[PDB]
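Only one structure is covered here, and it is reproduced in the block below.
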Amino acid sequence: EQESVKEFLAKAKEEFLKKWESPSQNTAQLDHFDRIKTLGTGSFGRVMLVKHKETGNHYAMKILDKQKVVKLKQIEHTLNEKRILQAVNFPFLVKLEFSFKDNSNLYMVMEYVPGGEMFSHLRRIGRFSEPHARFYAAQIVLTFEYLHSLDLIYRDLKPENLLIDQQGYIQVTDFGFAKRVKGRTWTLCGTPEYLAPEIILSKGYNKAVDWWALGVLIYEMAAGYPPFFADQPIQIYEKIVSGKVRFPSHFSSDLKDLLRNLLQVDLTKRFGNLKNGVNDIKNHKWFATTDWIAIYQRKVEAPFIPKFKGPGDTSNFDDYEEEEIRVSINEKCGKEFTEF
């Protein structure tokens, strides 16, 4: 690697480790914000558009119910998510602006990206052209180069987690499964269509699972559907482990070749996990047109800019039942979340 890249990553790791070792805590409180709209909901939390009452700035506030986190055995994951997010700094990672907790919930207040999820845009457009898919893929390659150099595995790559910003660039959101790992880790987590074979087979796995997921993402962006799908998870998993994938005839030869090397079932042969690391991907002919520095510097004109009216526009998000943000009179699960 050019010494310029080595020195960049050395400084990135220094800055990450300082924040990792002394995390920020308790940097706002709930009544500093007005609630605007629910942007998404899950089994133990929700994301809400909020507005800071003094500055007027909009944010996306992720709210996690401590009791449901415990019940659903996500304590370590939630602590991972916040400790990682408060420590990272990269152009294609969403910025955590505040965090805090109260008697009932954990809160992560992030920059609000009004353009919405890539998944919605992909399903609306149908499929992305190879140049368009390549523009997004390059950002993920650089983001994983950064995260992996910090010993971080992301473990939830999929278009739903990739927000499209006001310049048409990606912001990765949702670090709920991200983890600092030296060597191997074992947790079953992810999304079925995106799981690498070694996760399905219950092995000790490493950052190679993120490169597998990049193959899935590039395939889904360029085809409009993922490479392994079926009605039931077990049928998806059978396809993943089989070592067979079929490509649409419209895929270029270079795209097919890259994908065979990312969707390589043998992790010891998978691009991104070889002696040359990320450079086997960056130097592949499918990326021959990519100016890696210009992507990092956000100098490339994007394939499209989402349509939105301003920083508070929610048109690119869908509609959910608006439920209370209840805070108990009594502290719940204090011990489990002391470090948050």
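Within each chain, counting starts at residue 1; across the structure tokens, chains are named A, B, ... in the order shown, with ligands numbered 1 upward in that order.
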Name the residues in contact with region 177-183 of chain A at a cut-off of 6 Å, using only C-alpha atoms, excluding same-chain residues fewer than 5 positions from it; report them as a PDB file with N, CA, C and O atoms, in the first residue's frame.
ATOM      1  N   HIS A  77     -24.699  -6.310  22.159  1.00  0.00           N
ATOM      2  CA  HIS A  77     -24.833  -5.674  20.854  1.00  0.00           C
ATOM      3  C   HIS A  77     -25.165  -4.197  20.979  1.00  0.00           C
ATOM      4  O   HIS A  77     -24.616  -3.380  20.229  1.00  0.00           O
ATOM      5  N   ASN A  80     -22.053  -2.465  22.154  1.00  0.00           N
ATOM      6  CA  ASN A  80     -21.167  -2.396  20.983  1.00  0.00           C
ATOM      7  C   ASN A  80     -21.569  -1.232  20.101  1.00  0.00           C
ATOM      8  O   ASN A  80     -20.727  -0.416  19.701  1.00  0.00           O
ATOM      9  N   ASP A 151     -10.181  -3.155  13.500  1.00  0.00           N
ATOM     10  CA  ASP A 151     -10.617  -4.420  14.061  1.00  0.00           C
ATOM     11  C   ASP A 151     -12.129  -4.464  14.255  1.00  0.00           C
ATOM     12  O   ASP A 151     -12.627  -5.177  15.122  1.00  0.00           O
ATOM     13  N   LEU A 152     -12.870  -3.723  13.445  1.00  0.00           N
ATOM     14  CA  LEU A 152     -14.331  -3.712  13.521  1.00  0.00           C
ATOM     15  C   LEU A 152     -14.913  -4.534  12.388  1.00  0.00           C
ATOM     16  O   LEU A 152     -14.444  -4.424  11.248  1.00  0.00           O
ATOM     17  N   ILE A 153     -15.877  -5.390  12.701  1.00  0.00           N
ATOM     18  CA  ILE A 153     -16.694  -6.098  11.710  1.00  0.00           C
ATOM     19  C   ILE A 153     -18.080  -5.466  11.743  1.00  0.00           C
ATOM     20  O   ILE A 153     -18.623  -5.208  12.824  1.00  0.00           O
ATOM     21  N   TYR A 154     -18.676  -5.231  10.587  1.00  0.00           N
ATOM     22  CA  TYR A 154     -19.947  -4.518  10.493  1.00  0.00           C
ATOM     23  C   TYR A 154     -21.157  -5.438  10.629  1.00  0.00           C
ATOM     24  O   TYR A 154     -22.034  -5.183  11.457  1.00  0.00           O
ATOM     25  N   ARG A 155     -21.219  -6.513   9.850  1.00  0.00           N
ATOM     26  CA  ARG A 155     -22.138  -7.635  10.039  1.00  0.00           C
ATOM     27  C   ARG A 155     -23.605  -7.339   9.742  1.00  0.00           C
ATOM     28  O   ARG A 155     -24.468  -8.139  10.143  1.00  0.00           O
TER      29      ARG A 155
END
| query | Quick one: DSSP helix (DSSP H, G or I) residues in region 136-263 of chain A, as an MDAnalysis selection string? | reply | chainID A and resid 136:149 159:161 192:194 197:200 208:223 233:242 253:262
| task | Rank nothing, just name the residue among A:301, A:340, A:36, A:116 nearest to residue 83 (chain A), using only C-alpha atoms. | result |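 So, comparing all the options, the nearest one is A:340.
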Counting only C-alpha atoms, which residues of region 240-311 of chain A fall within 10 Å of region 129-139 of chain A, and what is the closest atom pair for each with its distance in Å at one decimal, ordered by chain and rising number, as a tab-separated table?
residue	atom	partner	partner_atom	distance
A:250	CA	A:130	CA	9.9
A:251	CA	A:130	CA	8.1
A:252	CA	A:130	CA	8.4
A:255	CA	A:130	CA	8.2
A:281	CA	A:138	CA	9.5
A:282	CA	A:138	CA	8.2
A:286	CA	A:134	CA	8.1
A:287	CA	A:134	CA	7.2
A:289	CA	A:131	CA	8.9
A:290	CA	A:138	CA	7.5
A:291	CA	A:138	CA	9.1
A:292	CA	A:138	CA	7.3
A:295	CA	A:139	CA	6.9
A:296	CA	A:139	CA	7.4
A:298	CA	A:139	CA	9.7
A:300	CA	A:135	CA	8.7
A:301	CA	A:135	CA	9.5
A:302	CA	A:135	CA	7.6
A:303	CA	A:132	CA	5.7
A:304	CA	A:132	CA	8.7
Which region 93-148 of chain A residues have any atom within 10 Å of an atom of region 5-23 of chain A, and for each, what is the nearest pair of atoms with distance in Å to one decimal, counting only C-alpha atoms, rows sorted by chain and number, as CSV?
residue,atom,partner,partner_atom,distance
A:145,CA,A:9,CA,8.9
A:146,CA,A:9,CA,7.0
A:147,CA,A:13,CA,9.4
| request: Measuring atom to atom with only C-alpha atoms, identify which of A:224, A:197, A:312, A:248 is nearest to residue 118 (chain A). | output: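 The answer is A:224, which sits nearest to residue 118 (chain A).
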| query | Which is closer to residue 25 (chain A) than all the others in A:308, A:271, A:107, A:229, using only C-alpha atoms? | reply |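 Among the listed residues, A:107 lies closest to residue 25 (chain A).
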